Structure formats: structure tokens, C-alpha cells
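Participant: Structure below; questions to follow.
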Amino acid sequence: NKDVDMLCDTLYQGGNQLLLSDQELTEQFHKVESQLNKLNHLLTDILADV
Amino acid sequence: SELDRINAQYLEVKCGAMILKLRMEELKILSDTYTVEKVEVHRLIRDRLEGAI
Amino acid sequence: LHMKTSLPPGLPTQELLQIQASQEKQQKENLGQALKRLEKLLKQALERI
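Protein chains in written order, with PDB author numbering: chain C, 504 to 553; chain D, 213 to 265; chain E, 537 to 585.
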């Protein structure tokens, strides 16, 4: 029962939804993607101006 | 773990593409800014400003 | 004897704790610093914009 308990606690990590991916690594991927999208928007604006 | 590894490798491959695209835009604008005539004209501007100053 | 012979496959839970700790820490160490370096290059591009 203890084995089941900390296995569930380790896999859930405080979220009701399962967390297969590393959560802070996942939001790191998300912020990298968002900042890359902002840089791409600036770059495409510069491409349109050029 | 393999999923996240492939994701980060894709990000590493892709970021350099737009970095080098930024480099292409800068280098191409620099190339089109000064033609063959303009480089020698600006060198003569350097000579003229030096001779005056 | 079933409780001594029907153990689930793989190393047990108390060992699986440091197993998953090691695997997740190497997964994070292989990738997070790369993400930070990528973000440094990306913000260098941002200030070159």
C-alpha cells in the first residue's frame, strides 16, 4: 500500500491530470516556443519591409 | 524522456535556422547597401574628410 | 508464496524511486541547459532585431 501510495504521488506530482513530461521542462519548452514565435513575428515583419 | 530529447533536439536544430536567416538578411542588406561605385565614393569621402580636418 | 513469487516485473518500488530520480534528472540535465543556451541565443537575436 505504501509502494502504491508514493508511486501515485511521484507520478501525479500534485496534479489531478497525469504528468508524464517534466512539468517545469514542459513550460520551458512552451516559453521557448512563445519567445521563438515572437522573434519569428519580428523577423517576418522585417522580411515584409525588406 | 526520448520524447523530450527529440523535442529539444528539434528546437536546437530549428533555432539556428532562423539565426542564420537573420544573418542572411543582415549580410544581404549590407551587400545591397553599397555597390561597386558607392564603396569607392565612400573611400573618397574618407579621403576628403581627412584632407579637410 | 505467491506474495513471494508473483512480484511485478522490474526492480521494486523503493528501488524504482531512485531509478526514476536518476532517469528524470539525466533527462532534465541533458535538455534544460540546452534550452537555456537556445534562449540566450534567441534573446541575442531579439536584441539584434
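For each residue, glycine too, the CB sits at the ideal point set by N, CA and C.
Name the chain C residues that come within less than 8 Å of residue 233 of chain D, Cβ to Cβ?
Facilitator: As a working mapping, residue 233 of chain D is identified with position 21 in the second sequence. Those are 546, listed as they occur along chain C.
Participant: Using a cut-off of 8 Å between C-beta atoms, extract the partners of residue 224 of chain D located in chain E.
Facilitator: Here residue 224 of chain D refers to the residue found at position 12 when the second sequence is read from its first residue. Neighbours of residue 224 of chain D on chain E, chain order: 570, 574.
Participant: Find out if the Cβ-Cβ distance for the pair residue 574 of chain E, residue 531 of chain C is shorter than 7 Å.
Facilitator: In the third sequence, the residue the question calls residue 574 of chain E occupies position 38. In the first sequence, the residue the question calls residue 531 of chain C occupies position 28. Result no, Cβ atoms of residue 574 of chain E and residue 531 of chain C do not sit closer than 7 Å.
Participant: Which word fits residue 551 of chain C, buried or exposed, when buried means at least 16 other C-beta atoms lie within 10 angstroms of its C-beta?
Facilitator: The residue labelled residue 551 of chain C in the question sits at position 48 within the first sequence. By the neighbour-count rule (16 or more Cβ atoms within 10 Å), residue 551 of chain C is not buried but exposed.
Participant: What residues in the region 545 to 563 of chain E have a beta carbon less than 7 Å from any beta carbon of chain D?
Facilitator: Those residues of the region 545 to 563 of chain E that come within reach of chain D (Cβ to Cβ, closer than 7 Å) are 559, 563.
Participant: Apply the 10 Å Cβ neighbour rule to residue 221 of chain D and answer buried if 16 or more other Cβ atoms are within range, or exposed otherwise.
Facilitator: If you number the second sequence from 1, residue 221 of chain D lands on position 9. By the neighbour-count rule (16 or more Cβ atoms within 10 Å), residue 221 of chain D is not buried but exposed.
Participant: How should residue 216 of chain D be labelled, buried or exposed, when 16 other C-beta atoms within 10 angstroms of its C-beta is the threshold for buried?
Facilitator: Taking the first residue of the second sequence as 1, we reach residue 216 of chain D at position 4. Buried.
Participant: Under three-state DSSP, which class holds residue 553 of chain C?
Facilitator: Counting from 1 along the first sequence, the entry for residue 553 of chain C is found at position 50. Residue 553 of chain C: coil per DSSP, three-state reduction.
Participant: Quick check: the Cα distance between residue 559 of chain E and residue 235 of chain D, rounded to an integer number of angstroms?
Facilitator: By 1-based counting over the third sequence, the position of residue 559 of chain E is 23. By 1-based counting over the second sequence, the position of residue 235 of chain D is 23. So the alpha carbons of these two residues sit roughly 38 Å apart.
Participant: Report all residues from its chain with a CB closer than 8 Å to the CB of residue 577 of chain E; omit the five preceding and five following residues, and keep chain order.
Facilitator: Within the third sequence, residue 577 of chain E is the residue found at index 41, counting from 1. So the list is empty, once near-sequence residues are dropped.
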